[PDB]
Amino acid sequence: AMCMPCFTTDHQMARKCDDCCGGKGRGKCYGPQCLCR
């Protein structure tokens with residue numbers, strides 16, 4: 001499912017997840033998975 005992981009130890013996990021998913025607000029970190037909308 002995931003675009004990439006979300007690691008809480010990476011304080012920029014939400015920005016990286018957005019980058020994976022195409023830009024601002026497009027990715028959500030839901031537990032250990034970055035999921036694209």
# chains A, B, ... in the order shown; residues from 1 in each chain; ligands from 1

call {"tool": "residues_around", "arguments": {"residues": "residue A:6", "least_positions_apart": "4", "cutoff": "8 Å", "atoms": "only C-alpha atoms", "output": "count of residues only"}}
result
10

call {"tool": "select_by_dssp", "arguments": {"residues": "chain A", "states": "strand (DSSP E)", "output": "PyMOL selection string"}}
result
chain A and resi 4-5+27-30+33-36

call {"tool": "select_by_dssp", "arguments": {"residues": "chain A", "states": "helix (DSSP H, G or I)", "output": "number ranges by chain"}}
result
A: 13-21

call {"tool": "write_last_selection", "arguments": {"atoms": "C-alpha atoms", "output": "CSV table (one decimal), in the first residue's frame"}}
result
chain,number,residue,atom,x,y,z
A,13,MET,CA,8.2,12.3,7.9
A,14,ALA,CA,5.1,14.2,6.8
A,15,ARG,CA,7.0,16.4,4.3
A,16,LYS,CA,8.7,13.3,2.8
A,17,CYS,CA,5.4,11.5,2.6
A,18,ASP,CA,3.9,14.5,0.7
A,19,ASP,CA,6.9,14.5,-1.6
A,20,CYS,CA,6.4,10.8,-2.3
A,21,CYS,CA,2.6,11.5,-3.0

call {"tool": "atom_distance", "arguments": {"atom1": "atom CA of residue A:12", "atom2": "atom CA of residue A:27"}}
result
12.6 Å
